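Below is the file my_file.cif, which contains mmCIF, C-alpha atoms and all ligand atoms; chains and numbers go by the auth columns.
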data_work
loop_
_atom_site.group_PDB
_atom_site.id
_atom_site.type_symbol
_atom_site.label_atom_id
_atom_site.label_comp_id
_atom_site.label_asym_id
_atom_site.label_seq_id
_atom_site.Cartn_x
_atom_site.Cartn_y
_atom_site.Cartn_z
_atom_site.B_iso_or_equiv
_atom_site.auth_seq_id
_atom_site.auth_asym_id
ATOM 1 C CA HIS A 1 0.000 0.000 0.000 0.00 4 A
ATOM 2 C CA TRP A 2 1.381 3.254 -1.299 0.00 5 A
ATOM 3 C CA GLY A 3 2.187 6.371 0.644 0.00 6 A
ATOM 4 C CA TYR A 4 4.773 9.073 1.172 0.00 7 A
ATOM 5 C CA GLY A 5 7.258 7.329 3.452 0.00 8 A
ATOM 6 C CA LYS A 6 10.714 5.836 2.922 0.00 9 A
ATOM 7 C CA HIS A 7 9.391 2.355 2.089 0.00 10 A
ATOM 8 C CA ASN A 8 6.251 3.208 0.134 0.00 11 A
ATOM 9 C CA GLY A 9 6.735 6.726 -1.181 0.00 12 A
ATOM 10 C CA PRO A 10 6.977 8.232 -4.676 0.00 13 A
ATOM 11 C CA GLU A 11 10.171 6.419 -5.691 0.00 14 A
ATOM 12 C CA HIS A 12 8.403 3.106 -5.078 0.00 15 A
ATOM 13 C CA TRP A 13 5.164 3.832 -6.955 0.00 16 A
ATOM 14 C CA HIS A 14 6.362 2.602 -10.335 0.00 17 A
ATOM 15 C CA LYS A 15 6.357 -1.018 -9.084 0.00 18 A
ATOM 16 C CA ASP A 16 2.536 -1.086 -8.738 0.00 19 A
ATOM 17 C CA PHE A 17 1.911 1.697 -11.331 0.00 20 A
ATOM 18 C CA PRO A 18 4.503 1.514 -14.080 0.00 21 A
ATOM 19 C CA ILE A 19 3.098 4.626 -15.753 0.00 22 A
ATOM 20 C CA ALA A 20 4.973 6.464 -12.968 0.00 23 A
ATOM 21 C CA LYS A 21 7.890 6.493 -15.416 0.00 24 A
ATOM 22 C CA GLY A 22 5.703 7.617 -18.352 0.00 25 A
ATOM 23 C CA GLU A 23 5.919 10.426 -20.859 0.00 26 A
ATOM 24 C CA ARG A 24 3.432 12.871 -19.280 0.00 27 A
ATOM 25 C CA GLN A 25 3.801 12.631 -15.500 0.00 28 A
ATOM 26 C CA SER A 26 2.973 15.357 -12.974 0.00 29 A
ATOM 27 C CA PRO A 27 3.891 17.465 -11.166 0.00 30 A
ATOM 28 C CA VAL A 28 6.687 19.366 -12.968 0.00 31 A
ATOM 29 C CA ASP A 29 8.900 22.337 -12.394 0.00 32 A
ATOM 30 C CA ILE A 30 7.537 25.361 -14.193 0.00 33 A
ATOM 31 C CA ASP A 31 10.502 27.211 -15.674 0.00 34 A
ATOM 32 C CA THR A 32 8.951 30.644 -16.056 0.00 35 A
ATOM 33 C CA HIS A 33 11.486 31.835 -18.580 0.00 36 A
ATOM 34 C CA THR A 34 10.907 28.831 -20.875 0.00 37 A
ATOM 35 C CA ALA A 35 7.128 28.801 -20.700 0.00 38 A
ATOM 36 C CA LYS A 36 5.807 30.433 -23.851 0.00 39 A
ATOM 37 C CA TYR A 37 3.080 32.985 -23.834 0.00 40 A
ATOM 38 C CA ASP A 38 0.276 31.675 -25.999 0.00 41 A
ATOM 39 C CA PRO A 39 -2.001 34.542 -27.184 0.00 42 A
ATOM 40 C CA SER A 40 -4.511 31.993 -28.498 0.00 43 A
ATOM 41 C CA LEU A 41 -5.239 30.677 -24.957 0.00 44 A
ATOM 42 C CA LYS A 42 -8.605 31.871 -23.653 0.00 45 A
ATOM 43 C CA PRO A 43 -9.351 33.220 -20.189 0.00 46 A
ATOM 44 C CA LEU A 44 -10.361 30.489 -17.873 0.00 47 A
ATOM 45 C CA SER A 45 -14.072 30.332 -17.035 0.00 48 A
ATOM 46 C CA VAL A 46 -14.619 29.232 -13.447 0.00 49 A
ATOM 47 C CA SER A 47 -18.393 28.977 -12.749 0.00 50 A
ATOM 48 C CA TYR A 48 -18.767 28.010 -9.104 0.00 51 A
ATOM 49 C CA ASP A 49 -21.883 30.024 -8.082 0.00 52 A
ATOM 50 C CA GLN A 50 -24.131 26.927 -7.816 0.00 53 A
ATOM 51 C CA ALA A 51 -21.601 24.596 -6.270 0.00 54 A
ATOM 52 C CA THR A 52 -23.001 22.043 -3.807 0.00 55 A
ATOM 53 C CA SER A 53 -20.427 20.709 -1.357 0.00 56 A
ATOM 54 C CA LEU A 54 -21.367 17.410 0.336 0.00 57 A
ATOM 55 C CA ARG A 55 -18.708 15.901 2.607 0.00 58 A
ATOM 56 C CA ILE A 56 -15.195 16.313 3.926 0.00 59 A
ATOM 57 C CA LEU A 57 -13.141 13.143 4.147 0.00 60 A
ATOM 58 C CA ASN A 58 -9.642 11.991 5.378 0.00 61 A
ATOM 59 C CA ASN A 59 -8.668 9.498 2.722 0.00 62 A
ATOM 60 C CA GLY A 60 -5.289 8.516 4.299 0.00 63 A
ATOM 61 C CA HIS A 61 -3.336 10.561 1.693 0.00 64 A
ATOM 62 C CA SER A 62 -4.952 14.008 2.015 0.00 65 A
ATOM 63 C CA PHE A 63 -8.316 15.423 2.973 0.00 66 A
ATOM 64 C CA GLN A 64 -10.921 16.200 0.353 0.00 67 A
ATOM 65 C CA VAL A 65 -14.112 18.189 0.057 0.00 68 A
ATOM 66 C CA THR A 66 -16.577 16.439 -2.330 0.00 69 A
ATOM 67 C CA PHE A 67 -19.214 18.091 -4.498 0.00 70 A
ATOM 68 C CA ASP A 68 -22.428 16.981 -6.217 0.00 71 A
ATOM 69 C CA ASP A 69 -21.246 16.356 -9.784 0.00 72 A
ATOM 70 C CA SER A 70 -24.585 14.886 -11.019 0.00 73 A
ATOM 71 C CA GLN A 71 -25.371 18.172 -12.934 0.00 74 A
ATOM 72 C CA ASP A 72 -23.419 21.142 -14.359 0.00 75 A
ATOM 73 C CA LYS A 73 -23.351 23.232 -11.110 0.00 76 A
ATOM 74 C CA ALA A 74 -19.736 24.073 -10.625 0.00 77 A
ATOM 75 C CA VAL A 75 -17.858 23.934 -13.945 0.00 78 A
ATOM 76 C CA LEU A 76 -14.581 24.868 -15.499 0.00 79 A
ATOM 77 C CA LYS A 77 -14.499 25.809 -19.208 0.00 80 A
ATOM 78 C CA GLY A 78 -12.359 27.934 -21.508 0.00 81 A
ATOM 79 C CA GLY A 79 -8.651 28.357 -21.065 0.00 82 A
ATOM 80 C CA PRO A 80 -6.986 25.428 -22.835 0.00 83 A
ATOM 81 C CA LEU A 81 -10.080 23.232 -22.472 0.00 84 A
ATOM 82 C CA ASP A 82 -12.634 22.164 -25.052 0.00 85 A
ATOM 83 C CA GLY A 83 -15.911 21.352 -23.421 0.00 86 A
ATOM 84 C CA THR A 84 -17.256 21.486 -19.923 0.00 87 A
ATOM 85 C CA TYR A 85 -15.581 20.012 -16.850 0.00 88 A
ATOM 86 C CA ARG A 86 -17.579 19.355 -13.647 0.00 89 A
ATOM 87 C CA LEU A 87 -16.008 19.968 -10.204 0.00 90 A
ATOM 88 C CA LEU A 88 -15.855 16.708 -8.252 0.00 91 A
ATOM 89 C CA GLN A 89 -13.632 17.560 -5.244 0.00 92 A
ATOM 90 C CA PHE A 90 -10.747 19.583 -3.962 0.00 93 A
ATOM 91 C CA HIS A 91 -7.857 18.520 -1.737 0.00 94 A
ATOM 92 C CA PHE A 92 -4.441 19.754 -0.675 0.00 95 A
ATOM 93 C CA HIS A 93 -0.779 18.731 -0.499 0.00 96 A
ATOM 94 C CA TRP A 94 1.434 20.270 2.183 0.00 97 A
ATOM 95 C CA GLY A 95 4.725 20.041 4.052 0.00 98 A
ATOM 96 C CA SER A 96 6.187 19.475 7.487 0.00 99 A
ATOM 97 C CA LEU A 97 7.620 23.044 7.262 0.00 100 A
ATOM 98 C CA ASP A 98 6.696 26.041 5.172 0.00 101 A
ATOM 99 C CA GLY A 99 9.573 25.572 2.670 0.00 102 A
ATOM 100 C CA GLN A 100 8.036 22.498 1.081 0.00 103 A
ATOM 101 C CA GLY A 101 4.600 21.090 0.364 0.00 104 A
ATOM 102 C CA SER A 102 3.684 22.074 -3.153 0.00 105 A
ATOM 103 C CA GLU A 103 3.816 19.517 -5.977 0.00 106 A
ATOM 104 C CA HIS A 104 4.463 21.948 -8.804 0.00 107 A
ATOM 105 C CA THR A 105 7.417 24.236 -8.361 0.00 108 A
ATOM 106 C CA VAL A 106 8.113 27.598 -10.003 0.00 109 A
ATOM 107 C CA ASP A 107 11.763 28.119 -10.986 0.00 110 A
ATOM 108 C CA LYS A 108 12.427 25.388 -8.383 0.00 111 A
ATOM 109 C CA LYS A 109 10.642 27.339 -5.657 0.00 112 A
ATOM 110 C CA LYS A 110 8.417 25.173 -3.439 0.00 113 A
ATOM 111 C CA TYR A 111 5.328 26.647 -1.792 0.00 114 A
ATOM 112 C CA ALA A 112 4.023 25.618 1.616 0.00 115 A
ATOM 113 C CA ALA A 113 1.006 23.825 0.060 0.00 116 A
ATOM 114 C CA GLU A 114 -0.943 23.278 -3.127 0.00 117 A
ATOM 115 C CA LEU A 115 -4.695 23.163 -3.643 0.00 118 A
ATOM 116 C CA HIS A 116 -6.087 20.926 -6.373 0.00 119 A
ATOM 117 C CA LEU A 117 -9.634 21.397 -7.703 0.00 120 A
ATOM 118 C CA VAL A 118 -10.391 18.241 -9.719 0.00 121 A
ATOM 119 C CA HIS A 119 -12.830 18.432 -12.607 0.00 122 A
ATOM 120 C CA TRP A 120 -13.924 15.816 -15.194 0.00 123 A
ATOM 121 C CA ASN A 121 -15.016 16.199 -18.822 0.00 124 A
ATOM 122 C CA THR A 122 -18.752 15.769 -19.137 0.00 125 A
ATOM 123 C CA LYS A 123 -18.399 14.196 -22.554 0.00 126 A
ATOM 124 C CA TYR A 124 -17.185 11.027 -20.772 0.00 127 A
ATOM 125 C CA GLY A 125 -20.180 10.883 -18.416 0.00 128 A
ATOM 126 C CA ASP A 126 -18.406 9.835 -15.225 0.00 129 A
ATOM 127 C CA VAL A 127 -15.040 10.308 -13.605 0.00 130 A
ATOM 128 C CA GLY A 128 -14.032 6.638 -13.902 0.00 131 A
ATOM 129 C CA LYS A 129 -14.405 6.822 -17.675 0.00 132 A
ATOM 130 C CA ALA A 130 -12.728 10.238 -17.797 0.00 133 A
ATOM 131 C CA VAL A 131 -9.529 8.986 -16.134 0.00 134 A
ATOM 132 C CA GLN A 132 -9.093 6.599 -19.063 0.00 135 A
ATOM 133 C CA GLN A 133 -8.916 9.495 -21.570 0.00 136 A
ATOM 134 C CA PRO A 134 -6.071 11.874 -22.342 0.00 137 A
ATOM 135 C CA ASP A 135 -8.408 14.895 -21.956 0.00 138 A
ATOM 136 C CA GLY A 136 -10.539 13.392 -19.229 0.00 139 A
ATOM 137 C CA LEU A 137 -9.680 15.650 -16.254 0.00 140 A
ATOM 138 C CA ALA A 138 -8.770 19.260 -15.655 0.00 141 A
ATOM 139 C CA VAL A 139 -7.040 20.073 -12.370 0.00 142 A
ATOM 140 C CA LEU A 140 -6.829 23.660 -11.274 0.00 143 A
ATOM 141 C CA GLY A 141 -3.764 24.057 -9.038 0.00 144 A
ATOM 142 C CA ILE A 142 -3.320 26.956 -6.626 0.00 145 A
ATOM 143 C CA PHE A 143 -0.207 27.586 -4.537 0.00 146 A
ATOM 144 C CA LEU A 144 -0.417 28.468 -0.844 0.00 147 A
ATOM 145 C CA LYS A 145 2.138 30.693 0.869 0.00 148 A
ATOM 146 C CA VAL A 146 2.161 31.488 4.580 0.00 149 A
ATOM 147 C CA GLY A 147 1.378 35.050 5.684 0.00 150 A
ATOM 148 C CA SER A 148 -2.066 36.578 6.147 0.00 151 A
ATOM 149 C CA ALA A 149 -5.045 34.273 6.812 0.00 152 A
ATOM 150 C CA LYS A 150 -7.431 33.180 4.037 0.00 153 A
ATOM 151 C CA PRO A 151 -10.895 33.771 5.458 0.00 154 A
ATOM 152 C CA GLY A 152 -12.590 31.432 2.966 0.00 155 A
ATOM 153 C CA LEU A 153 -10.376 28.548 4.151 0.00 156 A
ATOM 154 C CA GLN A 154 -11.330 28.847 7.827 0.00 157 A
ATOM 155 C CA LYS A 155 -14.541 26.744 7.598 0.00 158 A
ATOM 156 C CA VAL A 156 -12.366 23.892 6.284 0.00 159 A
ATOM 157 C CA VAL A 157 -9.658 24.309 8.979 0.00 160 A
ATOM 158 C CA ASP A 158 -12.193 24.296 11.748 0.00 161 A
ATOM 159 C CA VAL A 159 -13.617 20.883 10.956 0.00 162 A
ATOM 160 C CA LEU A 160 -10.313 19.019 10.522 0.00 163 A
ATOM 161 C CA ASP A 161 -10.295 17.890 14.190 0.00 164 A
ATOM 162 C CA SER A 162 -13.378 15.776 13.367 0.00 165 A
ATOM 163 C CA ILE A 163 -11.599 13.870 10.546 0.00 166 A
ATOM 164 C CA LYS A 164 -8.204 13.311 12.172 0.00 167 A
ATOM 165 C CA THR A 165 -7.579 9.777 11.032 0.00 168 A
ATOM 166 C CA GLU A 166 -8.003 7.835 7.805 0.00 169 A
ATOM 167 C CA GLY A 167 -11.592 6.900 6.942 0.00 170 A
ATOM 168 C CA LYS A 168 -13.261 9.653 8.943 0.00 171 A
ATOM 169 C CA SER A 169 -15.721 11.962 7.195 0.00 172 A
ATOM 170 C CA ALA A 170 -18.188 14.727 8.112 0.00 173 A
ATOM 171 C CA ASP A 171 -21.004 16.623 6.530 0.00 174 A
ATOM 172 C CA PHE A 172 -19.655 19.682 4.783 0.00 175 A
ATOM 173 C CA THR A 173 -22.488 21.424 3.094 0.00 176 A
ATOM 174 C CA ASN A 174 -22.714 25.052 1.859 0.00 177 A
ATOM 175 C CA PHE A 175 -19.011 25.522 1.362 0.00 178 A
ATOM 176 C CA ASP A 176 -18.186 28.073 -1.348 0.00 179 A
ATOM 177 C CA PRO A 177 -14.935 27.276 -3.214 0.00 180 A
ATOM 178 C CA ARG A 178 -14.854 30.739 -4.697 0.00 181 A
ATOM 179 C CA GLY A 179 -13.352 31.791 -1.349 0.00 182 A
ATOM 180 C CA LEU A 180 -10.169 29.829 -2.161 0.00 183 A
ATOM 181 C CA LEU A 181 -9.318 31.645 -5.410 0.00 184 A
ATOM 182 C CA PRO A 182 -6.695 34.368 -5.877 0.00 185 A
ATOM 183 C CA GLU A 183 -7.502 37.629 -7.660 0.00 186 A
ATOM 184 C CA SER A 184 -5.892 36.743 -10.971 0.00 187 A
ATOM 185 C CA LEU A 185 -6.711 33.733 -13.130 0.00 188 A
ATOM 186 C CA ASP A 186 -3.458 34.049 -15.061 0.00 189 A
ATOM 187 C CA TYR A 187 -2.152 30.487 -15.511 0.00 190 A
ATOM 188 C CA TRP A 188 0.297 27.992 -16.927 0.00 191 A
ATOM 189 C CA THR A 189 -0.948 24.851 -18.668 0.00 192 A
ATOM 190 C CA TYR A 190 0.520 21.547 -19.772 0.00 193 A
ATOM 191 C CA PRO A 191 -0.639 17.927 -20.377 0.00 194 A
ATOM 192 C CA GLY A 192 0.066 15.659 -17.417 0.00 195 A
ATOM 193 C CA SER A 193 -1.170 13.120 -14.947 0.00 196 A
ATOM 194 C CA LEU A 194 -2.732 12.420 -11.598 0.00 197 A
ATOM 195 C CA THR A 195 -0.043 13.015 -8.938 0.00 198 A
ATOM 196 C CA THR A 196 -1.210 10.037 -6.853 0.00 199 A
ATOM 197 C CA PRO A 197 -1.795 6.420 -7.851 0.00 200 A
ATOM 198 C CA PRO A 198 -3.037 5.394 -10.317 0.00 201 A
ATOM 199 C CA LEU A 199 -0.966 8.214 -11.934 0.00 202 A
ATOM 200 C CA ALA A 200 -3.204 8.149 -15.013 0.00 203 A
ATOM 201 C CA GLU A 201 -2.124 10.400 -17.875 0.00 204 A
ATOM 202 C CA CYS A 202 -5.541 12.034 -18.191 0.00 205 A
ATOM 203 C CA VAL A 203 -5.034 15.568 -16.874 0.00 206 A
ATOM 204 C CA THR A 204 -4.919 19.022 -18.424 0.00 207 A
ATOM 205 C CA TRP A 205 -3.096 20.966 -15.706 0.00 208 A
ATOM 206 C CA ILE A 206 -4.046 24.616 -15.131 0.00 209 A
ATOM 207 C CA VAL A 207 -1.704 26.128 -12.515 0.00 210 A
ATOM 208 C CA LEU A 208 -2.466 29.648 -11.351 0.00 211 A
ATOM 209 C CA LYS A 209 0.441 32.132 -11.153 0.00 212 A
ATOM 210 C CA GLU A 210 -0.850 33.963 -8.115 0.00 213 A
ATOM 211 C CA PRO A 211 -0.646 32.111 -4.804 0.00 214 A
ATOM 212 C CA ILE A 212 -3.173 32.512 -2.026 0.00 215 A
ATOM 213 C CA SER A 213 -1.905 33.473 1.434 0.00 216 A
ATOM 214 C CA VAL A 214 -2.924 31.366 4.431 0.00 217 A
ATOM 215 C CA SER A 215 -1.888 31.870 8.065 0.00 218 A
ATOM 216 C CA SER A 216 0.546 29.802 10.054 0.00 219 A
ATOM 217 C CA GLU A 217 -2.381 28.773 12.301 0.00 220 A
ATOM 218 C CA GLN A 218 -4.334 27.492 9.272 0.00 221 A
ATOM 219 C CA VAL A 219 -1.467 25.368 7.919 0.00 222 A
ATOM 220 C CA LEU A 220 -0.664 24.076 11.430 0.00 223 A
ATOM 221 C CA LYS A 221 -4.138 22.544 11.509 0.00 224 A
ATOM 222 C CA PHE A 222 -3.435 20.629 8.250 0.00 225 A
ATOM 223 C CA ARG A 223 -0.313 19.215 9.973 0.00 226 A
ATOM 224 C CA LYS A 224 -2.315 17.766 12.857 0.00 227 A
ATOM 225 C CA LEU A 225 -4.084 15.330 10.526 0.00 228 A
ATOM 226 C CA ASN A 226 -2.911 11.693 10.595 0.00 229 A
ATOM 227 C CA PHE A 227 -2.082 9.337 7.762 0.00 230 A
ATOM 228 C CA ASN A 228 -3.009 6.445 10.067 0.00 231 A
ATOM 229 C CA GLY A 229 -6.354 5.021 11.063 0.00 232 A
ATOM 230 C CA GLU A 230 -7.646 5.424 14.556 0.00 233 A
ATOM 231 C CA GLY A 231 -5.796 2.961 16.864 0.00 234 A
ATOM 232 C CA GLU A 232 -2.672 2.721 14.735 0.00 235 A
ATOM 233 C CA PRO A 233 0.585 4.421 15.643 0.00 236 A
ATOM 234 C CA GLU A 234 0.203 8.167 15.065 0.00 237 A
ATOM 235 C CA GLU A 235 1.998 9.415 11.966 0.00 238 A
ATOM 236 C CA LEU A 236 1.379 13.049 11.118 0.00 239 A
ATOM 237 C CA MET A 237 -0.143 13.683 7.617 0.00 240 A
ATOM 238 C CA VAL A 238 2.684 15.891 6.382 0.00 241 A
ATOM 239 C CA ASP A 239 4.824 15.894 3.222 0.00 242 A
ATOM 240 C CA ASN A 240 2.055 14.331 1.119 0.00 243 A
ATOM 241 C CA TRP A 241 3.516 15.750 -2.083 0.00 244 A
ATOM 242 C CA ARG A 242 5.061 14.028 -5.122 0.00 245 A
ATOM 243 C CA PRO A 243 8.301 15.719 -6.347 0.00 246 A
ATOM 244 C CA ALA A 244 8.674 17.250 -9.800 0.00 247 A
ATOM 245 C CA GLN A 245 8.889 14.669 -12.625 0.00 248 A
ATOM 246 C CA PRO A 246 10.707 14.877 -15.956 0.00 249 A
ATOM 247 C CA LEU A 247 9.123 17.272 -18.443 0.00 250 A
ATOM 248 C CA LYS A 248 10.213 15.158 -21.418 0.00 251 A
ATOM 249 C CA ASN A 249 8.613 16.193 -24.732 0.00 252 A
ATOM 250 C CA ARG A 250 6.212 18.805 -23.272 0.00 253 A
ATOM 251 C CA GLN A 251 5.715 22.533 -23.560 0.00 254 A
ATOM 252 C CA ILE A 252 4.330 24.597 -20.743 0.00 255 A
ATOM 253 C CA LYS A 253 2.246 27.478 -22.062 0.00 256 A
ATOM 254 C CA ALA A 254 1.446 30.731 -20.233 0.00 257 A
ATOM 255 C CA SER A 255 -1.861 32.631 -20.568 0.00 258 A
ATOM 256 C CA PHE A 256 -0.046 35.900 -19.769 0.00 259 A
ATOM 257 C CA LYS A 257 3.001 37.960 -20.841 0.00 260 A
HETATM 258 ZN ZN ZN B . -3.566 16.594 -5.751 0.00 301 B
#

Final structure tokens representation of the file:
Amino acid sequence: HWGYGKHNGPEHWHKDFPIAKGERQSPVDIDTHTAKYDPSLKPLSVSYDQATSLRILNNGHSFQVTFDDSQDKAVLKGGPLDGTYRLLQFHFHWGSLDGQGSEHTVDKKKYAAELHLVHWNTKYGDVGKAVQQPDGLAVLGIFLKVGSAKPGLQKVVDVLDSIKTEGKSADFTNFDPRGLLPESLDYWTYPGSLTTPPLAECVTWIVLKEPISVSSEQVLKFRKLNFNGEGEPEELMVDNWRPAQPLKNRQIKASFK
């Protein structure tokens, strides 16, 4: 069973998931000087006004907030995407200390955390089918730096004590993910993969340039979560990030000059 430790972490994943060594793996370092501005890229359309959050869950690798994706309520369109992508869930990756935690890096800089909003292409009908397609998923990635608090994150922070260990969930209705977005929707994009098993090469990555700021107290609460189930030896859920993978034959494109 895979994880982030010495004996089951990212450098082991290829044994159960050989696509780990594939041609379009994520995350990557974003070399800002090499990314080409693409004037044909559209602004991203984030339509989250009718989002319906359902539950918050500790899945043993991260925590996730899940949405009703049975209709087009919270959708991502435009940008590099063709078609409509439904929001299924968001989750985070973070570090043991503020100098690591993000999956993507920017000129090798690591952020304290990274938010992933996972969306699937409605033309494939369900997420299981979408992960089998090269354009099945769109993941919007947002960097977190530590400074001022993010008010729209606090409702999430405050319930994490109720989902400390793997398998715990709670109701998490009426959460508005618009409160997690930075001012600018300027972005980089590239074709990649899921960053956790099964590492499927089904993702159009959209990584926002502008980080959000969160407070030290907010990120400290992430670090109190446990990878373990209740009753097992306590192992803090920290450093749940995959390192940058080889870019290979890919171009990262920027929406902005
Ligand atoms: Zn992720």

Original post:
Which residue, A:229, A:67, A:198, A:105, has the smallest gap to ligand ZN 301 (chain B) when you use all atoms listed in the file?
Top reply: A:198

**OP:** Using the chain letters and residue numbers of this document, give as a PyMOL selection string the residues selected by the PyMOL selection byres (((chain A and resi 169) around 10) and not hetatm).
**Re:** chain A and resi 60-66+166-168+170-172+228-233+240

**OP:** Name the closest residue to residue 187 in chain A among the candidates A:18, A:81, A:49, A:201; distances are taken between atoms, counting all atoms listed in the file.
**Re:**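 Closest to residue 187 in chain A of all the choices is A:49.
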
**OP:** Go through the shown structure with the PyMOL selection byres (((chain A and resi 89) around 9) and not hetatm) and write out the matching residues as a list in words.
**Re:**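 With the PyMOL selection byres (((chain A and resi 89) around 9) and not hetatm) on this model, the match is residues 72, 73, 74, 75, 76, 77, 78, 79, 87, 88, 90, 91, 121, 122, 123, 124 and 125 of chain A.
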
Original post:
So which residues are near ligand ZN 301 (chain B), meaning at most 12 Å away with all atoms listed in the file counted, given back as a ChimeraX atom specification?
Top reply: /A:29-30,64-67,92-97,104-107,116-122,141-146,196-200,202,206,208,210,243-246

**OP:** Name all residues at most 10 Å from residue 8 in chain A (count all atoms listed in the file; drop same-chain ones fewer than 5 positions away) and give them as a PyMOL selection string.
**Re:** chain A and resi 13-15+242-243

Subject >> Two-atom distance - CA of residue 220 in chain A, CA of residue 191 in chain A (Å) >> reply: 29.4 Å

**OP:** For CA of residue 136 in chain A and CA of residue 50 in chain A, quote the distance in Å rounded to one decimal.
**Re:**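 Spanning CA of residue 136 in chain A to CA of residue 50 in chain A is a straight-line distance of 23.4 Å.
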
Subject >> d(CA of residue 221 in chain A, CA of residue 47 in chain A) in Å >> reply: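 Taking CA of residue 221 in chain A and CA of residue 47 in chain A, their separation equals 28.0 Å.
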
Subject >> Expected selection from the PyMOL selection byres (((chain A and resi 35) around 10) and not hetatm), given as a ChimeraX atom specification >> reply: /A:32-34,36-39,109-111,191,212,255-257
